[PDB]
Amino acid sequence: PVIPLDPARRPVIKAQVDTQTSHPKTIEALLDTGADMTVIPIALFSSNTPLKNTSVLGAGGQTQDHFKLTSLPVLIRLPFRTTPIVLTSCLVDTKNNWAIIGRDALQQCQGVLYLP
């Protein structure tokens, strides 16, 4: 689909995310061409998942605390597709503020930006 861009309405989609640590779950994710990597909430993961420490650069500078990296790939299915996006690793928001489909995932579903 074609998603218009509007400051007042964030471009979000429903996605089914399988972390391979518990059953696949539905999230609402922000479509973000400014994210190098996809971010999913830590709430998706079972209690004893090994997640790696990582740094992430965002608006207010570098954060060491907020994000971990998955050890296993994450599979993501978008509304009308059976074929999953498979990301070798993705960021995990330890604060559960963010679900963001970034350019890693958008690349796999051949998503583009179009400016007339």
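Think of the rigid core as the biggest set of C-alphas that the two forms share within 1.5 Å after superposition. Residue numbers here begin at 1 and follow the sequence given.
Rigid core fits of the other structures in 7 other deposited structures of this protein place the C-alpha atoms of one stretch farther away on average; of 88 to 96 and 103 to 111, that stretch is 88 to 96. Here the rigid core sets the fit, and in 7 other deposited structures of this protein the C-alphas of 54 to 62 stray farther than those of the other stretch, out of 67 to 75 and 54 to 62. Looking at 30 to 38 and 74 to 82 together, the entry lists the larger mean B-factor for 74 to 82, computed on C-alpha atoms. Look at the mean CA B-factor for 56 to 64 and for 85 to 93 in the entry; the higher one is 56 to 64. Across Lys14, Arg103, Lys25, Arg9, the greatest Cα temperature factor reported in the deposited entry is at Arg9.
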